[PDB]
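Q: Just so it is clear, I am handing over entry-v7.tsv, which has TSV, C-alpha atoms.
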```tsv
chain	number	residue	atom	x	y	z
H	202	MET	CA	157.82	81.47	100.85
H	203	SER	CA	159.27	80.18	104.12
H	204	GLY	CA	161.40	82.41	106.32
H	205	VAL	CA	159.63	85.72	105.60
H	206	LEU	CA	156.76	87.42	107.44
H	207	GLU	CA	154.35	89.82	105.75
H	208	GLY	CA	153.61	93.15	107.43
H	209	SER	CA	150.61	95.44	107.27
H	210	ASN	CA	149.59	97.53	104.26
H	211	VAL	CA	148.80	100.82	106.05
H	212	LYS	CA	149.81	103.62	103.69
H	213	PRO	CA	150.84	106.64	105.80
H	214	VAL	CA	150.32	109.20	103.02
H	215	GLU	CA	146.67	108.19	102.71
H	216	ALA	CA	146.24	108.31	106.49
H	217	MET	CA	147.72	111.82	106.73
H	218	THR	CA	145.58	113.14	103.87
H	219	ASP	CA	142.50	111.53	105.44
H	220	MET	CA	143.22	113.22	108.77
H	221	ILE	CA	143.65	116.63	107.14
H	222	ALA	CA	140.43	116.24	105.14
H	223	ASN	CA	138.51	115.01	108.20
H	224	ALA	CA	139.66	117.96	110.32
H	225	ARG	CA	138.68	120.47	107.63
H	226	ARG	CA	135.29	118.84	107.07
H	227	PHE	CA	134.60	118.80	110.81
H	228	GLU	CA	135.37	122.51	111.07
H	229	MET	CA	133.09	123.29	108.11
H	230	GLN	CA	130.20	121.37	109.67
H	231	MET	CA	130.71	123.12	113.02
H	232	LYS	CA	130.57	126.49	111.24
H	233	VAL	CA	127.33	125.50	109.48
H	234	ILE	CA	125.83	124.40	112.80
H	235	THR	CA	126.74	127.73	114.41
H	236	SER	CA	125.18	129.67	111.52
H	237	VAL	CA	121.93	127.68	111.70
H	238	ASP	CA	121.69	128.06	115.48
H	239	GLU	CA	122.23	131.83	115.31
H	240	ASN	CA	119.63	132.15	112.54
H	241	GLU	CA	117.02	130.26	114.57
H	242	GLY	CA	117.81	132.36	117.63
H	243	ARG	CA	117.14	135.52	115.64
H	244	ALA	CA	114.03	134.01	114.03
H	245	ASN	CA	112.38	132.99	117.38
H	246	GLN	CA	111.36	136.61	118.26
H	247	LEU	CA	108.73	136.98	115.49
H	248	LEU	CA	106.35	135.14	117.80
H	249	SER	CA	106.17	138.33	119.93
H	250	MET	CA	102.82	139.44	118.47
P	3	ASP	CA	67.54	137.64	119.12
P	4	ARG	CA	68.41	140.48	116.76
P	5	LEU	CA	71.35	141.40	118.98
P	6	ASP	CA	72.92	138.00	118.28
P	7	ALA	CA	72.53	138.41	114.50
P	8	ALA	CA	74.47	141.69	114.52
P	9	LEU	CA	77.34	140.26	116.61
P	10	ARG	CA	77.26	136.71	115.22
P	11	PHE	CA	79.88	137.25	112.51
P	12	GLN	CA	82.52	138.87	114.71
P	13	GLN	CA	81.99	136.38	117.56
P	14	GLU	CA	82.37	133.44	115.18
P	15	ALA	CA	85.46	135.01	113.58
P	16	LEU	CA	86.98	135.59	117.03
P	17	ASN	CA	86.27	132.00	118.13
P	18	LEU	CA	87.69	130.61	114.89
P	19	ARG	CA	90.82	132.73	115.31
P	20	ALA	CA	91.25	131.40	118.85
P	21	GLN	CA	90.83	127.80	117.67
P	22	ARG	CA	93.32	128.25	114.83
P	23	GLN	CA	95.70	129.93	117.29
P	24	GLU	CA	95.50	126.85	119.50
P	25	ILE	CA	96.13	124.60	116.49
P	26	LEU	CA	99.18	126.63	115.42
P	27	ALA	CA	100.59	126.60	118.95
P	28	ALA	CA	100.07	122.84	119.06
P	29	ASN	CA	102.04	122.62	115.81
P	30	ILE	CA	104.82	124.68	117.40
P	31	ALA	CA	104.86	122.60	120.60
P	32	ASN	CA	105.00	119.27	118.75
P	33	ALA	CA	107.77	120.41	116.40
P	34	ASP	CA	110.17	117.76	117.73
P	35	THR	CA	107.78	114.79	117.73
P	36	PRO	CA	108.94	112.34	115.02
P	37	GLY	CA	106.03	111.39	112.78
P	38	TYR	CA	103.84	114.37	113.68
P	39	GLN	CA	101.93	115.97	110.80
P	40	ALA	CA	101.38	119.73	110.84
P	41	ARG	CA	97.63	120.36	110.85
P	42	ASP	CA	95.69	123.53	110.09
P	43	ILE	CA	92.20	124.76	109.22
P	44	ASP	CA	90.99	126.81	106.26
P	45	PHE	CA	89.68	129.90	108.02
P	46	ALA	CA	87.30	131.17	105.34
P	47	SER	CA	85.52	127.87	104.64
P	48	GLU	CA	85.01	127.10	108.33
P	49	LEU	CA	83.75	130.65	108.88
P	50	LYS	CA	81.19	130.08	106.11
P	51	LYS	CA	80.22	126.77	107.71
P	52	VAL	CA	79.72	128.22	111.19
P	53	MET	CA	77.90	131.33	109.95
P	54	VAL	CA	75.53	129.37	107.69
P	83	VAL	CA	85.85	121.94	112.55
P	84	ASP	CA	87.88	119.86	110.09
P	85	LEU	CA	91.69	119.78	110.17
P	86	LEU	CA	93.64	119.94	106.91
P	87	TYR	CA	97.21	118.70	106.65
P	88	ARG	CA	99.87	121.25	105.77
P	89	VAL	CA	101.79	120.61	102.56
P	90	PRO	CA	105.38	119.82	103.62
P	91	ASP	CA	108.18	122.00	102.27
P	92	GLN	CA	111.35	120.18	103.28
P	93	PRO	CA	111.63	116.41	103.80
P	94	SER	CA	112.96	115.61	107.26
P	95	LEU	CA	114.23	112.15	108.24
P	96	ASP	CA	112.02	111.66	111.33
P	97	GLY	CA	108.78	112.32	109.44
P	98	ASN	CA	108.12	115.70	111.08
P	99	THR	CA	106.66	118.15	108.56
P	100	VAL	CA	106.42	121.18	110.88
P	101	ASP	CA	108.28	124.16	109.40
P	102	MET	CA	109.36	126.85	111.86
P	103	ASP	CA	109.20	129.91	109.61
P	104	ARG	CA	105.83	129.24	108.00
P	105	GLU	CA	104.00	128.58	111.25
P	106	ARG	CA	105.74	131.43	113.08
P	107	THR	CA	104.47	133.85	110.44
P	108	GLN	CA	101.00	132.26	110.61
P	109	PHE	CA	101.04	132.52	114.42
P	110	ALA	CA	101.93	136.21	114.32
P	111	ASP	CA	99.26	136.84	111.67
P	112	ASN	CA	96.61	135.01	113.70
P	113	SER	CA	97.52	137.04	116.78
P	114	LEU	CA	97.15	140.25	114.77
P	115	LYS	CA	93.79	139.19	113.35
P	116	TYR	CA	92.53	138.17	116.80
P	117	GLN	CA	93.41	141.65	118.06
P	118	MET	CA	91.65	143.21	115.05
P	119	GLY	CA	88.52	141.15	115.71
P	120	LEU	CA	88.56	142.19	119.36
P	121	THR	CA	88.85	145.83	118.26
P	122	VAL	CA	85.94	145.58	115.81
P	123	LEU	CA	83.67	143.75	118.26
P	124	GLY	CA	84.47	146.24	121.02
P	125	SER	CA	83.74	149.15	118.69
P	126	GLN	CA	80.36	147.66	117.75
P	127	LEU	CA	79.44	147.07	121.40
P	128	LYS	CA	80.58	150.58	122.37
P	129	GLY	CA	78.47	152.10	119.60
P	130	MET	CA	75.44	150.10	120.70
P	131	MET	CA	76.13	151.41	124.20
P	132	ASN	CA	76.47	155.12	123.38
P	133	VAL	CA	73.24	154.83	121.41
P	134	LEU	CA	71.54	153.87	124.69
P	135	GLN	CA	73.37	156.08	127.20
P	136	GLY	CA	71.46	159.24	128.08
```
I'd like the structure from this file rewritten - as structure tokens, please.
A:
Amino acid sequence: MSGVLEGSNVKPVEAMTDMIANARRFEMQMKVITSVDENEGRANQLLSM
Amino acid sequence: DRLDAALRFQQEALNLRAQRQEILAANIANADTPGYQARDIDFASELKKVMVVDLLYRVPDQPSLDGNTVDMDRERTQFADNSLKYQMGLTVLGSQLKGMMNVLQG
């Protein structure tokens, strides 16, 4: 068809849901990292005889 | 010498404990080297062999991506145990030497 230009197909609902899910997943992974680090910090005293 | 035969077992046990302590500390130090295998010795068999070293690979527990099989918890417990047994061997050897001494003092 002549006289019409096609735009993008970026769905905003999908983008918003993806951002929410990404933020929540990032926070969960940061919490896991903190837990593991604290556990190793507590565990690295056994070596004291 | 007869004096060596009495103190041979404890001296060999003490030396083997020191060697295994060095091996465990090497395992701890190289924890971050990718591709490093955790090595250890079987204390009883080597003690038989010396009284009458070969390094054995540790069986990995968790598969890492960089090929490092060193586990923190297992070797930390083994390190503490080896330290305790080294102290016990020192205590036993010192007691034997002190007894041999008080036999002579007079």
Q: So which residues touch residue 246 (chain H) within 12 Å, counting only C-alpha atoms, skipping near sequence neighbours fewer than 4 positions away, as a ChimeraX atom specification?
A: /H:240-242,250 /P:102-103,106-107,109-110
Q: Report, in Å with one decimal, the straight-line distance from CA of residue 24 (chain P) to CA of residue 112 (chain P).
A: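 So the two atoms, CA of residue 24 (chain P) and CA of residue 112 (chain P), lie 10.1 Å apart.
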Q: Kindly indicate which residue among P:9, P:85, P:114, P:28 lies nearest to chain H, using all atoms listed in the file for the distances.
A: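 Of P:9, P:85, P:114, P:28, the one nearest chain H, counting all atoms listed in the file, is P:114.
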Q: Would you list the contacts of region 41-52 of chain P as a PyMOL selection string, taking every protein, DNA or RNA residue within 12 Å and counting all atoms listed in the file, but skipping same-chain residues closer than 2 positions in sequence?
A: chain P and resi 10-30+32-33+38-39+54+83-90+98-101+104-105+108-109+112+115
Q: Set out as a tab-separated table a contact list for chain H and chain P with a cut-off of 9 Å, giving each residue of chain H that qualifies its closest atom pair and distance in Å to one decimal, counting all atoms listed in the file, ordered by chain and rising residue number.
A:
```
residue	atom	partner	partner_atom	distance
H:241	CA	P:102	CA	8.8
H:244	CA	P:103	CA	7.7
H:245	CA	P:106	CA	8.1
H:247	CA	P:106	CA	6.7
H:248	CA	P:110	CA	5.7
H:249	CA	P:110	CA	7.3
H:250	CA	P:110	CA	5.3
```
Q: Would you mind exporting the chosen residues as a PDB file, in the frame of the given file, restricted to C-alpha atoms?
A:
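Writing done, so here's selection-v1.pdb:
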```
ATOM      1  CA  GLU H 241     117.020 130.260 114.570  1.00  0.00           C
ATOM      2  CA  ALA H 244     114.030 134.010 114.030  1.00  0.00           C
ATOM      3  CA  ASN H 245     112.380 132.990 117.380  1.00  0.00           C
ATOM      4  CA  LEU H 247     108.730 136.980 115.490  1.00  0.00           C
ATOM      5  CA  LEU H 248     106.350 135.140 117.800  1.00  0.00           C
ATOM      6  CA  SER H 249     106.170 138.330 119.930  1.00  0.00           C
ATOM      7  CA  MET H 250     102.820 139.440 118.470  1.00  0.00           C
TER       8      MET H 250
END
```
Q: Provide the CA of residue 238 (chain H) to CA of residue 219 (chain H) distance in Å, to one decimal place.
A: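 Atom-to-atom, CA of residue 238 (chain H) and CA of residue 219 (chain H) are spaced 28.4 Å apart.
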